[PDB]
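1. sequence, then structure. It's an experimental one.
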There are 2 protein chains.
Amino acid sequence: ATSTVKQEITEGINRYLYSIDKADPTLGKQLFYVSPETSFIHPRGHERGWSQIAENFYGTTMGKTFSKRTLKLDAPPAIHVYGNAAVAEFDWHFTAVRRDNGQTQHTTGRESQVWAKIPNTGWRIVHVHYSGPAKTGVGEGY
Amino acid sequence: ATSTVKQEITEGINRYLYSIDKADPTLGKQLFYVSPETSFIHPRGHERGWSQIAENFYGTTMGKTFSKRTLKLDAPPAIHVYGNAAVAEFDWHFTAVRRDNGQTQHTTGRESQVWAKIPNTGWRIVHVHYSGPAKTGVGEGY
């Protein structure tokens, strides 16, 4: 059932994307594990627990900062299943219109998500870490 | 046994640190899962499989680039156990002397590691993602 797990996480990631585009935590709630242990590391900080993710990531970082958002994957995700946990990794790109100045901002990067099979709920995101694209200049990225 | 798992991962992370200081993949091999699925996302690229981690991360990024390295944690790690997988997150700092110009370079950032209990081997690292410190300026870190 590793392929059913993967089919599930793949399509779950597509739903995660829609949750971002809509900056909708009530939709993100259906994908993340609703708990204080669920965490989200990102370039602007570190969300500790679902509440922080809902409030400061979906609400502030995505929803107050931008009026339109489109988050897409560059290729389908790599998903490595280890029993009742799985690691998903992908490359993404992001186009958003800012509320502050109306300008379209475009970013890219890498993301990892840890999914765990939460009993009688199903597979949910227990952790995300996202960062920008690789930088290979002399002295950078250490 | 969640606390024994945590005691094990905590001390395993201390060993990971020593492996970095020594840029020693034969030591990192005892901590990472020796497989093509094991992956390492970092600011300079993406290692896919233990071989890439051994060669390009331990060998090149750590061992050819620097002549001395000290990687330390800012606080003990947060470890969230989900059955036979666990997510560890920590803040770190890094002091290295470069081979190219002899100068001491100092960096910091956040790291997440996914540990999985690998049958008859024990707990090993199945994935790492590390990034730099949070940036909260206007327009940055998206």
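-> Arrived safely. Numbers count the residues shown, from 1 in each chain, chains lettered A, B, ... in the order given.
2. tell me which element the residue nearest in space to the middle of chain A falls in.
-> Centroid-nearest residue in chain A: residue A:128, 5.8 Å away (criterion: CA atoms, centre = their mean). Element membership for residue A:128, per DSSP states H and E: strand A:122-131.
3. elements contacting that strand?
-> helix A:2-21, strand A:39-42, strand A:85-98, strand A:104-118, strand B:78-82, strand B:85-98, strand B:104-118, strand B:122-131 (3 or more CB pairs under 8 Å, 6 or more residues apart in numbering or on different chains; DSSP states H and E). Just so you know, the C-beta spots here come from the backbone N, C-alpha and C atoms, and that holds for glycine as well.
4. can you tell me which of the ones you listed is most buried?
-> strand A:39-42 (a mean of 24; mean count of other CB atoms under 10 Å in any protein chain shown).
5. quick one: strands adjacent to it?
-> Taking DSSP bridges as the criterion, strand A:39-42 forms sheet pairs with strand A:45-48 (antiparallel), strand A:122-131 (parallel).
6. out of the helices and strands packed on strand A:122-131, nearest to residue B:13?
-> strand B:85-98 (6.3 Å; CB to CB).
7. so what angle separates the directions of that closest one and strand B:122-131?
-> Per axes from the mean of the first three to the mean of the last three CA atoms, to 10 degrees, the angle that strand B:85-98 makes with strand B:122-131 is 60 degrees.
8. how near is the residue nearest to the centre of chain A to residue B:107?
-> 22 Å (CB to CB, to the nearest Å).
9. residue A:84 reaches residue B:81, doesn't it?
-> No: Residue A:84 lies out of contact with residue B:81 (CB atoms under 8 Å); the separation is 11.6 Å.
10. tell me the SS of residue A:102?
-> Judged by DSSP: H, G, I helix; E, B strand; the rest coil, the three-state class of residue A:102 is coil.
11. count of neighbours near it?
-> Using other CB atoms under 10 Å in any protein chain shown, residue A:102 has 8 neighbouring residues.
12. phi, psi for it please.
-> phi 70, psi 0 (degrees, to the nearest 10).
13. and residue A:64, by the same measure?
-> phi -90, psi -30.
14. check contacts around it.
-> residue A:99 (CB atoms under 8 Å, 6 or more residues apart in numbering or on different chains).
15. so residue A:47 versus residue B:46, what's the distance?
-> Using CB to CB, residue A:47 is found at 23 Å from residue B:46.
16. er, residue A:117 actually
-> 26 Å.
17. residue A:124 is in contact with residue A:16, correct?
-> No: taking contacts as CB under 8 Å, residue A:16 lies outside contact range of residue A:124: 10.7 Å.
18. anything in contact with each of the two?
-> Joint contacts of residue A:16 and residue A:124 (CB under 8 Å, 6+ apart) are residue A:31.
19. settle it for me: which of residue A:47 and residue B:46 has more neighbours?
-> A direct count of neighbours by other CB under 10 Å for residue A:47 and residue B:46 places residue A:47 higher, at 21 against 16.
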